[PDB]
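S.K.: Got a structure for you, questions after.
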Amino acid sequence: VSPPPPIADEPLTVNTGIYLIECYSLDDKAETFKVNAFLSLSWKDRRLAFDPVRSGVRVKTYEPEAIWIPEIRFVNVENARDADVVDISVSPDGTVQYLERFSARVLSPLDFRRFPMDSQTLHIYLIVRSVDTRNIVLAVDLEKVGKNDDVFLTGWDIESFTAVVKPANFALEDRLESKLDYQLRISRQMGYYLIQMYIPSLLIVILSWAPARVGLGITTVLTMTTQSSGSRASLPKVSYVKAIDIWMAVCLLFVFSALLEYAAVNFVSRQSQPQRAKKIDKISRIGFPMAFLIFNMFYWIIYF
Amino acid sequence: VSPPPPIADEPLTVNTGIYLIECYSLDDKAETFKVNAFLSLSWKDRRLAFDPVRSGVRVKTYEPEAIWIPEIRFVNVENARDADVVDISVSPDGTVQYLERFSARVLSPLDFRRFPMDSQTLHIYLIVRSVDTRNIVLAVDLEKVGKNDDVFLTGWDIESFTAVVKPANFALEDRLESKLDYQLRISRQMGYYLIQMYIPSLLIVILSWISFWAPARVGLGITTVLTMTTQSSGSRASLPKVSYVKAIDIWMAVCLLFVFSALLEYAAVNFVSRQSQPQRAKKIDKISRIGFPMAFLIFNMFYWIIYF
Amino acid sequence: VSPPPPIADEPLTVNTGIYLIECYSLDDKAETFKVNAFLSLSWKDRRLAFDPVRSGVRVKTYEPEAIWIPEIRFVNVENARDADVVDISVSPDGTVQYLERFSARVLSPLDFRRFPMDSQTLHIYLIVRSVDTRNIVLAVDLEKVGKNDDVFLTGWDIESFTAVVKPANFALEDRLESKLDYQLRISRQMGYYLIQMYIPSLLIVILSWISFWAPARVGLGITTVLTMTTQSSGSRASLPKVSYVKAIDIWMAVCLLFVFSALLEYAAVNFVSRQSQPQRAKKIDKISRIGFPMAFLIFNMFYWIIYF
Amino acid sequence: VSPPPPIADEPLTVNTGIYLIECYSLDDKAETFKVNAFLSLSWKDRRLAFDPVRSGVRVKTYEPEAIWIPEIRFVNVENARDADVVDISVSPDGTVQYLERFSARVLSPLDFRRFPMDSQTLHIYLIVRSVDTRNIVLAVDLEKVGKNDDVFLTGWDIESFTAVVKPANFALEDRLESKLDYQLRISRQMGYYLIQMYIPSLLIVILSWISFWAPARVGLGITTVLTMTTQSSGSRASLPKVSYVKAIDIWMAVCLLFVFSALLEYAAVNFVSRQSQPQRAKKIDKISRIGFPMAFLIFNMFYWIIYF
Amino acid sequence: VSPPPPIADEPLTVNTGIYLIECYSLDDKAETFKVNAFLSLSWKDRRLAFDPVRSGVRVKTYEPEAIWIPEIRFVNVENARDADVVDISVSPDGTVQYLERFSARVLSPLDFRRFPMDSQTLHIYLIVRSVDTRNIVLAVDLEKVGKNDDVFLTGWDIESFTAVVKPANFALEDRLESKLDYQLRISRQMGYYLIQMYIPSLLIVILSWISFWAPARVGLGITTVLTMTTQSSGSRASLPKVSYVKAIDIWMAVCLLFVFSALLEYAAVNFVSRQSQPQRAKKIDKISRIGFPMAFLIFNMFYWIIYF
Ligand SMILES: [Cl-]
Ligand SMILES: [Cl-]
Ligand SMILES: [Cl-]
Ligand SMILES: [Cl-]
Ligand SMILES: [Cl-]
Ligand SMILES: [Cl-]
Ligand code: NI
Ligand code: NI
Ligand code: NI
Ligand code: NI
Ligand code: NI
Ligand code: NI
């Protein structure tokens with residue numbers, strides 16, 4: 005089989021559509037998500053045109069091997085999609101309607117800067133390579149883009165599944181490549223964070239505020264690294280900094296500066312000066396909660 | 005091959021059945037379970053009808069490629085089911101009886117609100133897409149729905165495996181689609223929870239409460260926090276972190292306040308008696392010692408009222 | 005191809021055998037084990053009979069597609085076995101001798117009640133479904149059941165690999181099914223447990239009692260709780276959490292009560308050495392110091408009587 | 005099919021190119037990375053040559069089975085690449101242009117000596133075995149070597165993707181083998223290390239010294260060891276344990292000596308003042392309080408000079 | 005296809021060779037290693053013999069399906085090898101030369117008794133089952149056994165890759181089986223251990239002795260058990276739990292007795308001086392402070408004599 009010949013010179017337009025059936029396994033660490041969807045393709049092949057009056061049939065159904073089908077690939081997939089052809093239908097004018105159900109593991113980067121109050125745009129890039137006979141270009145059939153109502157991504161709210169209607173046409177290894185960007189929009219159900227993560231990690235910090252203070256103020260450090268290890272499956276370590284990987288470098292400083300204060304107050308009163384000891388070791392007791400609110404509100408202004 | 009032609013205009017009814025052979029790997033985190041079952045399909049294809057007297061046989065056996073077979077798919081599966089055709093039998097009137105043994109990883113959401121005293125309804129959705137030649141509809145053959153007696157799901161009690169007999173017929177991308185809902189009902219085996227998880231998490235906070243009867252309050256208070264997060268680390272494989280709140284997500288969130296209010300009490304009592312007032384020190388440190396166990400069950404009993 | 009026709013009415017007997025080549029990955033948590041074995045099958049197909057005088061040869065070798073072969077399946081497997089046909093030999097009477105080497109992931113429940121001093125019977129269930137032409141029944145050829153001497157299952161002693169010679173014949177979805185039970189008996219090599227798990231779990235309970243002899252009782256008594264959960268989660272990969280109770284899930288829950296009742300004492304003795312009651384303080388704090396090693400000895404021996 | 009015959013004697017030159025589409029899963033522990041790329045191959049096959057005028061076509065497209073294609077393999081791959089042929093184009097002189105999109109798991113050793121300030125050269129080795137008919141040699145078509153702009157490797161900066169243009173030709177099992185070295189060069219994003227890994231672990235060493243200013252020094256000095264190993268376990272997923280020594284494996288090793296020599300000082304100063312000598384006690388306990396931060400900076404700067 | 009007929013009665017000799025291309029994933033817990041190698045096979049098939057002057061060709065290349073090829077299998081593999089035929093060459097006398105590149109997950113037991121100063125012999129067992137027509141025996145072609153210079157096994161030193169030249173011929177299920185033993189010899219790069227595991231594991235229970243010089252000894256001696264069990268969990272990925280005992284599984288079990296006997300001495304010295312006897384208190388508390396490092400030195404040297 006060879007591609008449909010052009011009537012003039014025009015490129016062959018392959019109309020596309022993705023209908024999400026399932027979305028699952030959004031792996032934050034691997035920056036992948038699995039998808040199970042319908043992929044619909046439409047193109048005109050005049051060599052397949054027929055007379056409806058003489059044939060008596062409105063539509064003809066073909067086997068994938070019997071006709072020419074465009075080689076559509078996904079850009080950002082780990083391995084090639086697992087695809088099962090559902091249907092191939094040809095109208096009398098020769099317009100082919102292709103439908104396959106596929107599953108794929110998609111590579112899509114995630115921006116964790118605003119975690120756990122972040123929103124993401126997951127991408128599914130469709131691509132086609134041109135043949136020497138003719139150029140193949142991709143288009144979006146908005147009637148065939150969508151999602152099942154039951155599509156659930158645990159811990160996320162699904163907002164929209166849209167496609168950037170204009171393909172990105174470019175040359176790659178001396179041939180044309182037509183790329184479409186399908187985008188799935190999500191937002218984190220951060221409701222849970224306060225209850226289990228935000229509040230109890232803080233009730234360790236808050237519990238951090249003379250030789251007995253050495254056993255007291257150092258525990259709220261040993262337990263902070265245990266809340267960390269005890270819930271690290273929900274804390275992200277990025278190559279850059281997050282508004283939470285910063286709330287982390289602040290708790291580490293705040294747990295230190297508190298034990299710098301209680302290491303200076305219990306050493307100033309012992310080095311013959313107990382007058383100025385109650386001057387800084389009472390002011391830091393109202394200074395810390397306000398130095399914190401100011402700092403966390405200063406951090407918040409930048410990132411979120 | 006092409007679908008069987010309609011005698012009038014009627015859609016083709018494909019009778020279905022799922023017989024569970026094995027149920028395994030209920031992954032709470034991934035919200036998946038693996039299934040190994042028989043899938044039975046029945047439909048009328050008049051083009052295959054024969055006379056038993058002339059043929060000499062009462063049944064005819066075909067190879068899947070030799071005849072038309074409906075494209076049945078599962079909705080909520082990770083990848084397509086691994087299927088092996090067991091048998092294809094045709095009766096004299098053209099009634100096809102199809103049987104395959106398949107294995108599949110099923111996506112089925114779990115409600116953890118009542119964990120570990122929860123019950124779930126796992127779903128297996130069967131679906132068929134209609135052809136331009138004719139409309140295909142699914143039906144349940146209750147005689148071919150069931151489960152092996154040996155079907156075991158470790159940590160769960162299997163109640164029932166039934167099917168919603170009425171399919172959900174709907175249009176999708178300009179074609180009819182027929183969807184059936186097979187439901188496997190399961191309740218949890220919560221017996222174990224108290225023994226190793228529920229009771230020992232309490233025997234740390236009761237050991238925070240047996241120090242309200249001081250500098251010793253630090254070594255008894257600040258420890259039954261460090262050890263609570265260590266049972267919470269040491270038994271996290273049994274504790275679920277959901278996007279919402281569970282009756283256990285809260286039953287552990289009350290512990291975070293109770294371990295704090297306990298060290299707010301012992302941070303106010305050991306600071307009031309030191310600031311020249313040891382009279383009112385024994386007034387709050389002694390009532391909080393009988394106040395905490397009653398504030399607790401009142402709270403845990405208040406939580407229990409809403410979730411259960 | 006179609007099944008061999010019956011001479012009278014009698015079902016077709018398919019003689020079976022499993023020869024274990026490798027046993028590996030006994031996953032206690034998943035309750036699976038992987039197997040690599042030979043599967044031998046024998047049945048009489050008179051249509052394949054030949055004269056050794058005329059054909060010259062005493063045996064005919066066939067390709068799987070060339071002849072009829074019974075569809076033999078495993079019941080308790082996650083997915084279908086990865087099989088490679090080694091040989092198909094047809095003898096003059098028409099007796100077919102089939103041999104394949106397969107590998108499979110087997111689902112076999114494990115009883116952890118006596119862990120780590122437990123023994124198990126792993127099962128491999130062979131099954132065949134009868135066809136419309138005739139009924140198929142399975143049999144055990146004891147000459148073709150066995151295991152390689154090198155078959156090793158790390159951490160276990162392999163006792164025997166036998167088959168229940170009588171198949172379980174039953175009806176399933178309007179057809180006959182013939183099921184054979186192959187059993188691999190294995191026992218646990220518990221020698222290691224004392225050295226790395228049992229003894230140090232105890233040198234923390236023992237070191238909690240070596241402090242029942249006052250402000251130092253706070254630092255000791257509570258540490259041998261924080262360290263107990265560290266030996267636990269520090270070696271949890273060797274401790275099983277079942278839906279039911281084990282003599283080890285019980286051994287580890289008595290420690291939770293003994294670490295608590297040990298800090299019910301260190302809290303009463305600290306309340307008695309104060310609150311103007313010094382006398383009766385040395386009456387219970389000294390008696391509990393000889394009471395518990397024996398209250399423990401009695402309890403663990405009482406537990407042992409029930410389970411093992 | 006057979007290889008193209010040589011016009012004189014010359015080996016068949018197969019021009020190669022790898023264009024990276026995706027790079028992912030750089031597994032530091034397994035020393036693997038996954039790749040998804042285009043593989044382009046070009047060679048002259050005169051038997052496929054044609055006249056463009058007489059044929060009416062300027063290019064001829066073939067199916068992989070229709071023509072001879074060189075068996076190109078990757079040396080350092082776990083299993084064989086998953087490949088999908090995109091295009092096969094033949095020009096009038098019979099120059100074949102082959103293009104496939106493949107995915108592969110690549111084995112490439114990583115040097116962790118300078119972690120987290122390390123740079124790596126990941127390799128992809130292309131290889132071809134010669135046939136008896138003729139010798140096949142590999143070449144680099146620099147026009148077909150490259151990477152997509154979007155190629156991202158999380159936690160790494162991608163420097164260059166080049167190929168060593170000269171193949172390594174050698175004999176292996178009585179035939180010639182031609183090997184090309186494709187090098188994807190990378191470097218880390220060490221900015222993050224200070225914030226979350228380097229500084230908090232250092233704050234523990236710093237807070238161990240903020241106690242060199249007597250029985251309370253035992254409870255304070257030993258905690259910043261218990262917490263040191265908790266920062267370690269708490270962030271071990273970012274700390275590498277190699278078969279050799281890393282400047283960080285040494286930086287972690289210096290902390291083990293500095294946390295010991297710190298509690299050797301606080302075990303000698305709190306024992307000298309108690310053994311009737313409190382004069383010389385303030386001589387070493389005060390000098391070590393300004394000695395440690397400078398003995399550390401000197402040591403870490405001495406270590407740094409060697410490795411990085 | 006059928007096997008080559010014997011000229012007299014002699015068994016067919018299949019000459020073998022394995023050339024290692026890659027060695028990776030030595031999984032200590034699973035007792036597996038992955039291999040990627042060439043497998044070469046040679047046997048005489050007279051039916052394929054040809055005249056060199058008449059044919060014009062000195063070698064004839066065949067497709068695997070075109071000729072008879074011996075079914076060679078690996079004994080100790082999880083699943084069957086992933087194999088890709090590279091070349092099949094026939095010499096005029098009818099000597100076939102077969103070459104395939106395969107990848108396989110090999111089951112090979114590991115002896116951890118001397119860990120981390122252990123050496124291992126990994127095995128790859130090649131096997132052939134004889135056919136009814138004739139007996140097939142395996143041989144080693146030492147010219148075709150070897151390994152690539154780049155073959156690296158992370159954390160191990162590769163010593164040699166040799167084959168036991170004499171096959172183990174035996175009967176299995178009424179047929180002859182010919183088994184060859186290929187051995188890859190490796191040793218552990220134990221240099222790492224001192225740095226990260228060896229010296230720091232000690233410094234914890236070395237720091238338990240730096241407190242045998249009284250009420251502070253309660254707080255210091257007991258957190259040592261808390262930190263040791265954190266150094267252990269903190270580096271458990273490098274400590275092996277075997278069904279048997281090691282020079283390490285004991286080295287870590289002596290520490291459990293030494294961390295206890297340490298707190299038995301402090302549970303006796305800090306209780307004897309308090310129970311009106313402070382004379383004999385300085386007699387045993389000072390002697391145990393020089394007794395422990397020598398009782399340890401002796402014990403570790405006594406242990407060493409047995410195992411290594
Ligand atoms: Cl794809
Ligand atoms: Cl499916
Ligand atoms: Cl079979
Ligand atoms: Cl099977
Ligand atoms: Cl082979
Ligand atoms: Cl194999
Ligand atoms: Ni498929
Ligand atoms: Ni299958
Ligand atoms: Ni196979
Ligand atoms: Ni190739
Ligand atoms: Ni492919
Ligand atoms: Ni292959």
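Protein chains in written order, with the deposited numbering: chain E, 5 to 191, 218 to 239, 249 to 313, 382 to 411; chain A, 5 to 191, 218 to 243, 249 to 313, 382 to 411; chain B, 5 to 191, 218 to 243, 249 to 313, 382 to 411; chain D, 5 to 191, 218 to 243, 249 to 313, 382 to 411; chain C, 5 to 191, 218 to 243, 249 to 313, 382 to 411.
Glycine residues also receive a C-beta, built at the ideal position from the N, C-alpha and C atoms.
Applying a beta-carbon distance threshold of less than 9 Å, which residues of chain B neighbour residue 82(C)?
M.R.: Simply 26, 28, 29, 38, 40 and 107.
S.K.: Taking the beta carbon of residue 64(A) as the centre, do at least 16 other beta carbons fall within 10 Å, making it buried, or is it exposed?
M.R.: Under the 10 Å beta carbon count, residue 64(A) is surrounded by 16 or more other beta carbons and is classified as buried.
S.K.: Could you name the residues, in chain order, whose CB is less than 7 Å away from a heavy atom belonging to ligand 11?
M.R.: After applying the 7 Å Cβ criterion, the set is 84(E), 86(D), 87(D) and 88(D).
S.K.: Starting from residue 267(B), find everything on chain A with Cβ-Cβ shorter than 8 Å and list it in chain order.
M.R.: 269
S.K.: Quick check: residue 168(A) and residue 185(A), are their CB atoms within less than 7 Å of each other?
M.R.: The answer is yes: Cβ separation under 7 Å.
S.K.: Taking contact to mean at least 3 C-beta pairs separated by less than 8 Å, is the stretch 35–47 of chain C in contact with the stretch 101–111 of chain C?
M.R.: yes
S.K.: Give me the DSSP bridge partner(s) of residue 162(D).
M.R.: According to DSSP, residue 162(D) bridges with 190(D).
S.K.: By Cβ distance below 7 Å, which residues in the same chain neighbour residue 242(E) in space, the five residues on each side in sequence not counted?
M.R.: Structure remark: chain E lacks residues between 239 and 249, so residue 242(E) is without coordinates.
S.K.: Who are the neighbours of residue 124(B) on chain C, taking C-beta pairs under 9 Å?
M.R.: By Cβ distance, chain C contributes nothing, its closest Cβ being about 15 Å from residue 124(B), past 9 Å.
S.K.: Under 6 Å from any heavy atom of ligand 2, does the C-beta of residue 78(A) make it?
M.R.: Residue 78(A) Cβ: within cutoff of ligand 2.
S.K.: Report whether the distance from the Cβ of residue 39(E) to the nearest heavy atom of ligand 2 is below 6 Å.
M.R.: Every heavy atom of ligand 2 is 6 Å or more from the Cβ of residue 39(E), so no.
S.K.: Beta-carbon within less than 8 Å of residue 157(B)'s beta-carbon, same chain only, minus the 5 sequence neighbours each way: which residues are those?
M.R.: Only 27, 28, 30, 37 and 190 meet the Cβ criterion.
S.K.: What residues of chain A sit near residue 254(E), judged by a beta carbon separation below 9 Å?
M.R.: 250, 253, 254 and 257
S.K.: At which residues does the alpha helix (DSSP H) containing residue 139(D) begin and terminate?
M.R.: Looking at the DSSP string, residue 139(D) is not in any alpha helix (DSSP H), and its letter there is neither H nor E.
S.K.: Going by beta carbon distance, what residues of the same chain come within less than 8 Å of residue 155(D), once the five residues before and after it are set aside?
M.R.: 24, 25, 26, 27 and 162
S.K.: So, under 8 Å CB-CB, residue 119(D) and residue 281(D) are touching, yes? Tell me the CB distance rounded to an integer number of Å.
M.R.: 5 Å
S.K.: Does residue 281(A) come within less than 7 Å of chain B when only Cβ atoms are used?
M.R.: no
S.K.: Is it the case that the CB of residue 81(E) approaches a heavy atom of ligand 1 more closely than 6 Å?
M.R.: yes
S.K.: What beta strand (DSSP E) runs, 3 residues minimum, are completely inside the stretch 16–42 of chain B?
M.R.: As far as the stretch 16–42 of chain B is concerned, its whole beta strand (DSSP E) runs of at least 3 residues are 16–31.
S.K.: Kindly confirm or deny that the stretch 79–95 of chain E and the stretch 7–25 of chain E touch, where touching means at least three C-beta pairs closer than 8 Å.
M.R.: no
S.K.: When you compare the stretch 394–402 of chain D with the stretch 225–243 of chain D, are there three or more beta-carbon pairs, one atom per stretch, that lie closer than 8 Å?
M.R.: yes
S.K.: Which chain E residues sit within Cβ distance under 8 Å of residue 408(D)?
M.R.: Neighbours of residue 408(D) on chain E: none; closest Cβ ~27 Å, over 8 Å.
S.K.: Is the stretch 137–144 of chain A close to the stretch 176–183 of chain A, with three or more CB pairs under 8 Å?
M.R.: yes
S.K.: Would residue 131(E) and residue 110(E) qualify as a contact pair, given that the criterion is a beta-carbon distance under 7 Å?
M.R.: No Cβ-Cβ contact shorter than 7 Å links residue 131(E) with residue 110(E).
S.K.: For residue 124(C), which option in 136(C), 78(C), 32(C) and 56(C) has the closest C-alpha, if you only look at C-alpha atoms?
M.R.: Considering only 136(C), 78(C), 32(C) and 56(C), the residue with the shortest C-alpha distance to residue 124(C) is 32(C).
S.K.: Let me check one thing: in DSSP terms, what residues is residue 106(D) bridge-paired to?
M.R.: In the DSSP assignment, the residues bridged to residue 106(D) are 41(D) and 87(D).
S.K.: Please list, in chain order, the residues of the stretch 151–167 of chain B that have any C-beta partner in chain C closer than 7 Å.
M.R.: 156, 158 and 159
S.K.: DSSP puts residue 150(E) in a beta bridge; with which residues?
M.R.: For residue 150(E), which the question treats as bridged, DSSP gives the partners 23(E).
S.K.: Under a Cβ-count criterion, where at least 16 other Cβ atoms within 10 Å of its own Cβ denotes burial, should residue 279(B) be classed as buried or exposed?
M.R.: Exposed: under 16 other Cβ atoms inside 10 Å.
S.K.: Strictly below 8 Å CB to CB, what residues from chain A border residue 295(B)?
M.R.: Identification of chain A residues near residue 295(B) by a Cβ-Cβ cut-off of 8 Å yields 233, 236 and 237, ordered along the chain.
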